[PDB]
There are 2 protein chains.
Amino acid sequence: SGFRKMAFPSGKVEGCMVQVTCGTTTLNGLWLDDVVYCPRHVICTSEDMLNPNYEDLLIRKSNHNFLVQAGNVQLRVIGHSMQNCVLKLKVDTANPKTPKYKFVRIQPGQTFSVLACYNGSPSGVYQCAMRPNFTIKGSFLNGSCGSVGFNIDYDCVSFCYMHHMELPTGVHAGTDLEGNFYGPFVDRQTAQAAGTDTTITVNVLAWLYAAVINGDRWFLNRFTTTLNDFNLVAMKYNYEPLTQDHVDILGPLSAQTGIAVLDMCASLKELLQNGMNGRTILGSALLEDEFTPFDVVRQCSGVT
Amino acid sequence: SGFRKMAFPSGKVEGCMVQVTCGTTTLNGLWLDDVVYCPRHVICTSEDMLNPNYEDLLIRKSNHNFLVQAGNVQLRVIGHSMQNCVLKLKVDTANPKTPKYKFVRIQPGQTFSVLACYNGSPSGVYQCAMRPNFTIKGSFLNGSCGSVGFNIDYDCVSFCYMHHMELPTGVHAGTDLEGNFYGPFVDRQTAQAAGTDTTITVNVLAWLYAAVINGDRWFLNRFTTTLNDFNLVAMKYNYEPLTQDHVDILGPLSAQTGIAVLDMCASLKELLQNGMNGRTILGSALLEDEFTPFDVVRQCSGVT
Ligand SMILES: Cc1ccncc1NC(=O)Cc1cc(Cl)cc(N[C@H]2C[C@H]2C(F)(F)F)c1
Ligand SMILES: Cc1ccncc1NC(=O)Cc1cc(Cl)cc(N[C@H]2C[C@H]2C(F)(F)F)c1
């Protein structure tokens with residue numbers, strides 16, 4: 001028993017972390033096969049960030065201007081290209097520590113582990129979610145750009161995120177490993193709005209199932225509800241709509257505990273209306289929406 | 001910015017995880033040099049756990065009764081010994097992936113990362129604290145015994161914990177890597193009391209410094225306090241005594257923010273007395289005591 005915010009083991013991703021330097025700008029790179037991926041703003045200066053024309057800035061740079069380093073050893077950049085907001089540097093050596101990998105663009109509501117890195121070296125690992133408004137709440141400082149988000153499917157690493165920036169609003173924004181930003185953000189020094197964020201309803205329900213599994217049942221009531229009446233309440237408390245697909249996804253947790261999904265939606269309906277009266281659920285005095293139903297199944301069933 | 005419960009990168013510890021099997025009992029082992037460490041209850045059966053005489057049970061077992069496995073390959077146990085509550089199996093091969101390591105018995109109040117493992121394979125990594133009553137609040141299931149707790153000091157892994165058991169009370173209990181249990185627990189199927197737990201005051205203050213660093217300053221008041229008046233309040237709200245040594249430890253956070261330690265103790269004194277009125281600090285609606293002042297310094301300064 002016990003339920004923690006747990007990250008995937010970071011080992012397979014640590015062997016992919018290198019240091020990328022262009023001029024005086026030093027950030028992190030992801031080394032998979034003979035390609036080192038990093039955020040394109042590595043080619044910029046302080047003045048260039050205000051409104052960079054990356055096409056022009058990249059033309060001014062040749063392969064020899066990029067220093068890729070995998071520990072105490074240097075790699076040779078023998079090619080350079082721009083795929084959206086990422087730099088693809090073709091190195092002469094292919095990562096001997098490359099694991100089985102994939103590049104996936106994650107859906108909002110889904111979670112992933114971030115390996116926070118500074119100067120190509122890993123500092124720590126933590127789990128976060130892609131919020132419905134395509135922002136993430138990580139922990140990143142100057143030097144963390146190029147740090148990646150990932151999921152592990154047995155032995156295959158699915159890279160889903162690469163950190164690009166923290167906006168003046170404290171929002172963390174980045175791209176998938178094809179340089180496509182999540183949400184409406186751009187790699188430009190300008191004020192950018194994130195948009196109205198919402199609660200991931202299927203995730204709150206998944207964490208209420210984790211709490212039931214872990215002995216916290218105080219919130220279970222002799223009340224039931226319908227999907228429509230529940231979604232009327234969810235709308236009011238700015239929660240994402242609950243579909244029958246989300247009910248199906250919640251099925252393994254419904255089977256493990258014996259509590260139907262609508263009976264759980266009724267407990268959650270009361271939790272929103274009455275509050276929780278100081279009381280805690282899994283050691284939290286608020287509703288936690290950053291655990292997917294899949295993260296609950298994995299943690300509570302011992303998936304390795 | 002951002003402040004998360006962050007674990008050390010688990011890579012150096014994943015290369016030390018093997019599967020130990022004695023009879024029908026399968027758990028995790030830690031392979032360092034030519035020694036595989038695991039909890040001694042691996043030699044037990046369901047009937048043996050009620051009141052095991054481990055000296056007798058171990059005599060009944062010879063080296064050939066232990067199956068150590070490092071992935072898809074098997075190792076040869078050429079020696080076996082009992083150091084308190086751990087089994088030290090001398091294998092014929094020395095771990096090629098052994099990193100620079102140490103064995104430290106951690107103080108209550110300190111934190112560490114746990115690499116949760118099942119059948120010698122890592123499932124996830126999470127950070128937890130050794131509570132003042134020498135219990136931990138991890139996330140462990142059947143098959144997780146032998147999973148280890150650790151800290152990283154640049155490149156040196158300090159192993160501090162090995163999971164042994166979850167008591168009927170949900171408490172997680174285990175030993176240091178010398179088989180000495182933390183607290184008063186024994187590896188025997190009997191009801192065991194943990195003792196009165198207290199809040200780690202220096203840790204709550206460290207997390208209030210992390211919140212100030214991250215823009216949450218609402219709780220900072222035009223009030224100050226003395227160590228004695230603060231400890232009178234801390235006693236009331238079942239908080240660990242605050243020493244001048246804890247004030248010294250908090251110094252780097254005091255310097256970074258400009259807020260004296262006693263001014264922070266006064267904000268915390270009000271937080272205990274008034275509550276927090278639904279308001280959140282770093283996304284939590286309660287006081288968080290599982291971040292050491294050192295974890296705050298490391299996360300907020302980019303220590304790799
Ligand atoms: C500093 C940091 C912290 C956390 N995560 C990410 C980051 N880094 C960024 O955001 C990179 C970034 C992106 C944009 Cl579009 C502009 C700049 N501009 C120039 C001014 C200099 C700065 F690094 F000090 F910010 C920087
Ligand atoms: C199951 C588990 C879950 C989380 N962390 C740890 C564990 N495992 C334990 O506690 C091991 C343990 C220790 C003690 Cl002293 C007795 C037993 N007895 C026998 C009955 C069988 C059991 F595994 F099903 F519990 C087991």
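Only the coordinates and a few stated rules stand behind these numbers; no lab work does. No Cβ is skipped: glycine too gets one built from the backbone with ideal geometry, and neighbour counts run over all protein chains shown.
A few notes on this one:
- Mean partner shielding of peptide A:294-301, defined as the number of other chain Cβ atoms within 10 Å of each residue Cβ, is 2.
- In this assembly of identical copies, the label point of residue A:105 (Cα plus 7 Å along Cα-to-Cβ) is separated from its counterparts by 5.6 nm, sorted shortest first.
- Long-range Cα-Cα pairs in region B:124-275 (distance over 25 Å), rounded percent: 44
- Phi to ³J(HN,Hα) by Karplus 6.51 cos²θ - 1.76 cosθ + 1.60 over region B:5-17, Hz, x for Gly, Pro: 6, 10, 9, 5, x, 7, x, 5, 8, 5, x, 9, 8
- Rule-of-thumb Rg ratio for region B:15-99 [Cα; 2.2 N^0.38 Å; N residues]: 1.04
- Approximate shape of region A:198-301 as ellipsoid semi-axes (Cα gyration tensor, √5λ), whole Å, largest first: 18, 16, 13
- Where chymotrypsin sites (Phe, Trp or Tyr not before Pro) fall in DSSP loop in region B:83-160, at most 13 other Cβ within 10 Å: B:154
- Remark: mean inter-chain Cβ contacts per residue of B:10-18 equal 4, using a 10 Å Cβ-Cβ cutoff to other protein chain atoms.
- For residue A:183, no residue 5 or more places off, or on another chain, has a built amide H under 5 Å of its own.
- Cα centroid of region A:186-212 to Cα centroid of region A:114-175, whole Å: 15
- Residue A:24-residue B:155 FRET efficiency (beta carbon distance; Förster radius 22 Å; 0.05 resolution): 0.20
- Under 5 Å between amide hydrogens, built in the peptide plane, is the criterion, and for residue A:118 it picks out A:123 among residues at least 5 positions away or on other chains.
- Taking the helices alone, chain A has a mean residue ellipticity at 222 nm of -7000 deg cm²/dmol, built from -39,500 (n - 2.57) per DSSP H run of at least 4 residues and averaged over all its residues.
- Plainly put, the tip 7 Å out from Cα toward Cβ on residue A:63 is 5.5 nm from that tip on each other copy, the closest given first.
- Highest to lowest packing among B:76-84, A:246-254, B:53-61, scored as the average C-beta count within 10 Å: A:246-254, B:76-84, B:53-61
- Distance histogram for region B:140-220 (every C-alpha pair counted, 10 angstrom bins, percent rounded to whole numbers): 15, 30, 30, 20, 5
- Separation between Cα centres of region B:53-86 and region A:32-72, rounded to whole Å: 54
- Dipole of region B:190-255 [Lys/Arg +1, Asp/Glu -1 at C-beta], most positive-end residue of B:239, B:228, B:213: B:213
- Count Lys and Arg as plus one, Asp and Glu as minus one, and take only other residues whose Cβ is under 15 Å from that of residue B:5; the net charge is then -1.
- As computed over chain A, the Cα convex hull volume per residue (Å³): 134
- Spatially proximal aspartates and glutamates relative to residue A:88 (Cα-Cα < 16 Å; intrachain offsets below 8 disregarded): A:33, A:34, A:55, A:176, A:178
- The calculated FRET efficiency for the pair residue A:81 and residue A:192, based on their C-beta separation and a Förster distance of 25 Å, comes to about 0.45.
- With contacts taken as Cα pairs under 8 Å and at least 6 residues apart, chain A reaches a relative contact order of 17 percent.
- Scattering profile of the protein assembly as shown at q = 0.06, 0.11 Å⁻¹ [log10 I(q)/I(0), Debye over alpha-carbon scatterers]: -0.34, -1.16
- 0 to 90° range, to nearest 10: angle between helix B:227-236 axis and chain B longest Cα axis: 60
- Checked against a 25 Å cut-off, the cross-linked pairs A:100/B:102; A:5/B:269; A:12/B:5; A:100/B:12 give Cα-Cα distances beyond that limit for A:100/B:102; A:5/B:269.
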